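For the sequence shown, the positions run 1 to 87 when PDB author numbering is used.
All C-beta atoms, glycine included, are put in the ideal place defined by N, C-alpha and C.
Following: one structure in structure tokens, then a few remarks.
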Amino acid sequence: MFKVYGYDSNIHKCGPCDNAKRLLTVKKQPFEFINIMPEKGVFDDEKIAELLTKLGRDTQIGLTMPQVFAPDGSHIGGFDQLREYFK
């Protein structure tokens, strides 16, 4: 499955996050969405730590949501990189 880390737009608006989900649905690709903000103004720090581990990063500088990973686990990037991935 593709793995998409992002925000639920009902709690924190994330147009790129919603676009990533819809692009995977139109391409008939199963995905799992991981919401990093379970309620307004509260981050899930276990999921952010897991994301940093997967990215191999020590700082959060410049990280935006969504962050997408391919079925084999490699990092794709944000929605702009996912658009490119299917070409």
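Please work out which residues of its chain come closer than 8 Å, Cβ to Cβ, to residue i, disregarding the five sequence neighbours upstream and downstream, and give them in chain order.
i	result
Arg83	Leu23
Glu32	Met1, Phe2, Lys3, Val4
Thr64	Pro16, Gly78
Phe43	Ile36, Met37
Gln81	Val68
Assuming residue i and residue j make a contact with CB atoms under 8 Å, what is their CB distance in whole Å?
i	j	result
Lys47	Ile36	5 Å
Enumerate in chain order the residues of its own chain whose CB-to-CB distance from residue i is below 6 Å, with the five nearest sequence positions on each side excluded.
i	result
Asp8	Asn35
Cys14	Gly6, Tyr7, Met65
Hey, out of the options, whose CA is closest to residue i's CA?
i	options	result
residue 92	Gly77, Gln81, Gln29	Residue 92 lies beyond the stretch modelled for the chain, which goes from 1 to 87, so this question has no answer here.
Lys54	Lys40, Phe86, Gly73	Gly73
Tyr85	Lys27, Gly56, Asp45	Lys27
Among the residues of its own chain, which have a CB less than 7 Å from the CB of residue i, if the five just before and after it don't count?
i	result
residue 101	Outside the modelled stretch of the chain, which goes from 1 to 87, sits residue 101, for which no answer is possible.
- Message: When you compare the stretch 69-77 with the stretch 1-12, are there three or more beta-carbon pairs, one atom per stretch, that lie closer than 8 Å?
- Response: Using a Cβ-Cβ distance cut-off of 8 Å, the stretch 69-77 and the stretch 1-12 are in contact, since at least three pairs of beta carbons, one from each stretch, lie closer than that value.
- Task: Within the stretch 29-72, note down every full beta strand (DSSP E) run reaching 3 residues or more, in order along the chain.
- Result: Listed in chain order, they are 31-35, 67-69.
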